Amino acid sequence: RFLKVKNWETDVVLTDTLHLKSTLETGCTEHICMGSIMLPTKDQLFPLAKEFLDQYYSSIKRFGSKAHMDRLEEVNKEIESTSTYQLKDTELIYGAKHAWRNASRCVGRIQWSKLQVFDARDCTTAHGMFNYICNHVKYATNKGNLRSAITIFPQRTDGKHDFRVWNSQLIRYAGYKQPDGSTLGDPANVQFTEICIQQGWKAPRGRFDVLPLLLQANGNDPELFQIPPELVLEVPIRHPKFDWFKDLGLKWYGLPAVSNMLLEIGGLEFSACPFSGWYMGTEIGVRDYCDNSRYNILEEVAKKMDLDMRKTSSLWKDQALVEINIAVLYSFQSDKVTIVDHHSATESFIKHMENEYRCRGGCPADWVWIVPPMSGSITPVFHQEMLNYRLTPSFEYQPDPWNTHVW
Amino acid sequence: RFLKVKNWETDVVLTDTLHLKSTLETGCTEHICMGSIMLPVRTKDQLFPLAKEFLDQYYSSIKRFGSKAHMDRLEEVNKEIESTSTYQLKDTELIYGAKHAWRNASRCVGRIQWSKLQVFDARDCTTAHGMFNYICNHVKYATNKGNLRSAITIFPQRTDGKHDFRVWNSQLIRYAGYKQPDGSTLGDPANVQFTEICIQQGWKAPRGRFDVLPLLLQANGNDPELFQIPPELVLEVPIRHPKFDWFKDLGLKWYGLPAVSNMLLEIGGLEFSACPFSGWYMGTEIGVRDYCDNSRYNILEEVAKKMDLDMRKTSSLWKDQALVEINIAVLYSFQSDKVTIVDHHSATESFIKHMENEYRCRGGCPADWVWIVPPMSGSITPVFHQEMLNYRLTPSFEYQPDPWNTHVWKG
Ligand code: HEM
Ligand code: HEM
Ligand SMILES: Fc1cccc(CCCNCc2ccnc(-n3ccnc3)n2)c1
Ligand SMILES: Fc1cccc(CCCNCc2ccnc(-n3ccnc3)n2)c1
Ligand SMILES: C[C@H](O)[C@H](O)[C@H]1CNc2nc(N)[nH]c(=O)c2N1
Ligand SMILES: C[C@H](O)[C@H](O)[C@H]1CNc2nc(N)[nH]c(=O)c2N1
Ligand SMILES: [Zn+2]
């Protein structure tokens with residue numbers, strides 16, 4: 001019931017008690033750990049509401065107060081008659097920040113409390129959704145000095161009138177499969193691209209074509225909009241030593257913005273709730289560029305560096321990997337766009353973990369996702385034991401809309 | 001209940017039925033995953049189920065299940081337990097046992113090799129001098145002049161837990177660490193505690209950076225005793241770099257034989273508290289962990305200095321840059337001296353092939369992702385992208401408290 005976590009590099013030991021408030025289930029049992037699986041009513045709703053308001057009022061040191069009880073009273077009256085309820089602005093802001101505080105896979109949470117929340121609960125059409133999105137984009141980008149943000153569309157009601165952004169990120173490159181057999185652009189988005197096309201996009205069939213938003217308001221069929229090109233800040237990728245690197249033709253976008261998740265606050269589900277912060281270098285250099293089923297550029301880069309590609313034991317992949325990643329960080333920094341390296345970012349998260357241990361009594365964390373996908377054991381998080389559990393409010397995954405949407 | 005795992009790079013889906021035979025706990029619940037936590041005298045009562053269980057598997061594997069030979073063996077072990085309270089394994093069962101414990105070891109990336117394991121039965125051993133002699137033969141046979149061979153040596157099982165055989169070293173071969181009065185450490189910081197024990201026990205420490213430690217051996221519950229492995233039996237490799245000539249001048253070497261001496265082998269309820277096993281190194285255990293952990297030799301600084309990297313800001317990735325070089329140097333040194341070693345690309349690829357095979361033949365392969373994924377270049381190895389189920393099968397290797405915490409001193 002009172003669990004310990006040890007850092008094997010510093011012997012610091014922390015006691016986790018927050019896990020005792022674990023609301024949701026893990027996937028794991030005593031018989032089987034699922035630690036590495038990517039994805040494992042009026043009655044229901046009032047307890048969720050109560051648990052949330054309870055934390056809310058606790059956080060502002062008004063727990064058990066007249067104002068606390070009146071709010072419970074009030075939400076309760078509202079569910080009873082209306083079968084749902086609405087969050088006070090303040091509660092919505094606290095909900096969103098805590099959804100982020102609680103994301104056990106996010107290395108960037110030392111930042112959790114400076115989230116800028118944009119309430120779009122008055123939005124009613126896709127055209128409004130488009131407008132709210134562009135403002136989020138522009139506000140967050142901030143000419144390269146990026147700032148965290150979330151934009152929250154109306155909550156689910158009867159599930160026939162959902163708001164959804166069909167893109168998985170606000171900004172992503174398209175993907176086109178050739179007769180030639182291979183793939184042009186991002187193989188991650190091949191399917192979504194086809195939906196853009198079957199829904200009418202005029203794709204320019206290039207390697208780095210920013211996708212159009214496919215927006216769905218109030219259960220309606222989704223509609224297409226291009227993001228003002230001038231709002232999509234991009235970085236050309238150069239190397240500070242290899243002059244030939246620029247010839248590889250590589251750019252990435254500055255603004256990482258997840259748009260397919262579902263935000264759950266005290267029982268309510270915001271199914272369109274795009275959020276954004278800023279990149280840790282490896283996300284692009286290691287994952288986007290080098291994943292075999294992504295841009296997969298390792299072999300091309302290794303060749304330019306003239307490494308012995310005959311045998312895996314030369315570590316040519318490893319050499320190239322490092323250079324690619326130096327070139328990402330370098331390019332963002334030169335163009336003055338916010339980026340964090342995996343050393344600095346994992347070290348922040350260790351400071352953050354202790355804070356949270358000390359102030360909250362814990363910090364749910366998923367080691368499989370927090371350890372960077374290169375140089376693992378030389379970042380501190382590698383030596384850090386982590387307990388993973390599910391707290392609410394939370395961001396959750398949800399099925400891709402082309403499987404659910406009744407046309 | 002079927003369970004599916006997915007590879008996110010290739011889209012292969014596998015189906016695990018094996019986890020259905022899992023008995024031991026994991027440390028997780030529906031409300032907590034302890035997947036990144038390093039760590040989680042037996043009655044008649046418990047013992048027969050565990051024996052029966054094991055012997056049904058043994059007999060299945062040899063296609064003799066339900067044979068007269070199967071029945072009689074149950075019969076025999078049965079009587080033996082309630083009369084002597086324990087029992088003795090046949091040779092073939094001990095072998096099968098040892099093999100399966102490796103096969104079941106979810107944190108071992110080397111398991112494609114599980115069926116080629118040389119088992120040495122030291123169950124007739126009775127003294128520490130006998131243990132030393134057994135261990136020497138193991139080192140020499142496994143080393144095989146650099147052409148390394150997997151092996152394990154099995155000392156007698158626990159009885160009342162007052163008579164245990166233990167190897168006090170955590171590995172048969174490892175380097176001394178010496179904390180200095182100024183606060184620094186000479187040699188391997190990981191072994192400072194054990195080193196002090198050895199000194200206290202009578203070892204004259206040379207006090208250099210790469211001093212092979214004396215074996216410290218306990219037989220039959222007795223206080224343990226110091227022996228030096230004959231240096232001629234200890235294969236070592238000097239570390240140099242194919243292109244950097246200043247690399248040799250760092251003074252690095254490592255030993256060739258990775259040999260775990262501190263674990264507990266459980267087979268049909270029997271506990272073998274001394275059971276050193278050895279394979280061959282994946283390059284990263286040395287290049288990444290031993291050399292580059294901050295809590296170990298911690299050489300990144302000095303290596304990056306010599307490559308004259310920009311060390312003023314971590315976003316140079318000078319750490320990552322030195323790290324590749326060191327690992328290249330290790331793989332190159334070993335290969336050049338014809339001492340067996342495997343790089344992490346090659347090791348993880350073989351492991352994926354093993355794991356698929358296991359699903360097809362055995363209906364599963366328990367695997368610990370946190371441990372299987374290498375500690376550099378995680379995502380450019382195919383294991384990163386592999387979903388794994390982790391669960392505990394017997395026979396298995398278990399952890400056990402360090403013997404100096406538990407041993408009753410005789411005097
Ligand atoms: C401030 C800079 C931020 C950094 C450096 C950062 C870093 C990361 C990283 C590296 C991951 C793993 C994602 C991957 O490998 O695809 C991640 C996941 C995540 N982050 Fe962040 N993050 C930041 C901001 C935010 C914000 C503003 C939110 C929400 C308001 C958020 C919520 C999450 C969630 C929910 C995940 C898990 C996503 C999933 O399961 O696919 N993060 N973060
Ligand atoms: C044949 C060559 C082998 C290779 C390349 C290999 C590779 C590895 C590696 C890299 C680890 C993680 C090491 C660490 O980080 O401490 C490991 C762990 C392990 N291996 Fe092997 N292994 C081999 C042979 C064996 C053998 C012969 C056995 C037993 C018969 C074995 C049983 C284990 C066990 C039980 C662990 C887990 C150790 C722990 O929990 O501390 N391996 N193996
Ligand atoms: F194919 C998949 C199915 C489900 C999850 C997956 C991994 C999530 C990848 N997206 C996470 C992501 C992407 C960009 N940016 C962020 N981000 C930005 C700030 N914090 C997180 N996060 C792949
Ligand atoms: F400080 C610690 C406490 C508990 C475990 C730890 C790491 C396990 C290190 N031993 C694993 C190891 C070492 C050498 N060789 C092998 N090996 C050989 C074959 N299979 C594994 N394994 C550190
Ligand atoms: C199978 C495994 O769960 C999967 O590859 C995970 C591993 N760790 C990860 N870690 C991060 N940060 N992001 C990811 O997408 C993944 N993928
Ligand atoms: C806390 C964490 O579990 C610990 O650092 C683990 C992580 N993965 C590992 N993986 C291997 N192979 N060996 C290790 O010692 C560790 N250490
Ligand atoms: Zn688990």
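Just so you know, ligand 1 is whichever comes first in the structure, and atom 1 is the first atom listed for that ligand. So you know, we letter chains A, B, ... as the sequences are listed, proteins then strands, and number each from 1.
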Intermediate values then yes/no, side chain to side chain contact (heavy atoms under 4.5 Å, CB included), B:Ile32 and A:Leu3: CA-CA 10 Å; B:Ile32 221 147; A:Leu3 284 164; 3.7 Å; yes
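- The aromatic rings of A:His352 and A:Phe349 are tilted relative to each other, their planes meeting at an angle between 30° and 60°.
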Dump all N/O pairs between ligand 2 and the protein below 3.5 Å as a table: atom names plus distance, one pair per row.
unit_1   : atom_1 : unit_2   : atom_2 : d
ligand 2 : 40 (O) : B:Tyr399 : OH     : 2.6
ligand 2 : 41 (O) : B:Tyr399 : OH     : 2.4
ligand 2 : 42 (N) : B:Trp102 : NE1    : 3.2

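- Within 4.0 Å of ligand 6, protein heavy atoms come from A:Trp367, A:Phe382, A:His383, A:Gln384, A:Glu385, B:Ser36, B:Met38, B:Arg289, B:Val370, B:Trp371.
- A perpendicular orientation is assigned to the rings of B:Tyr134 and B:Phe155, their planes being inclined by more than 60° (bins at 30° and 60°).
- Note on ring orientation: taking the six-membered ring where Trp is involved, the planes of B:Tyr281 and B:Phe334 are perpendicular (angle over 60°, cut-offs 30° and 60°).
- Remark: the A:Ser104 side chain and the A:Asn388 side chain contain an N/O donor-acceptor pair separated by less than 3.5 Å.
- Judged by distance alone, with hydrogens and angles left aside, the side-chain atoms of B:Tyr255 form a donor-acceptor pair with the main-chain N or O of B:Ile173 at under 3.5 Å.
- Scanning for side chain to side chain contact (heavy atoms under 4.5 Å, CB included) contacts around A:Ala140 gives A:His136, A:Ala149, A:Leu255, A:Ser276, with sequence neighbours left out.
- A side-chain contact (heavy atoms from CB on, under 4.5 Å) with A:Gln384 holds for exactly one of A:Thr10, A:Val12, A:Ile370, A:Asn7; it is A:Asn7.
- Taking the side chain to side chain donor-acceptor pair (under 3.5 Å) definition, one finds that B:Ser170 meets it with B:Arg174, sequence neighbours left out.
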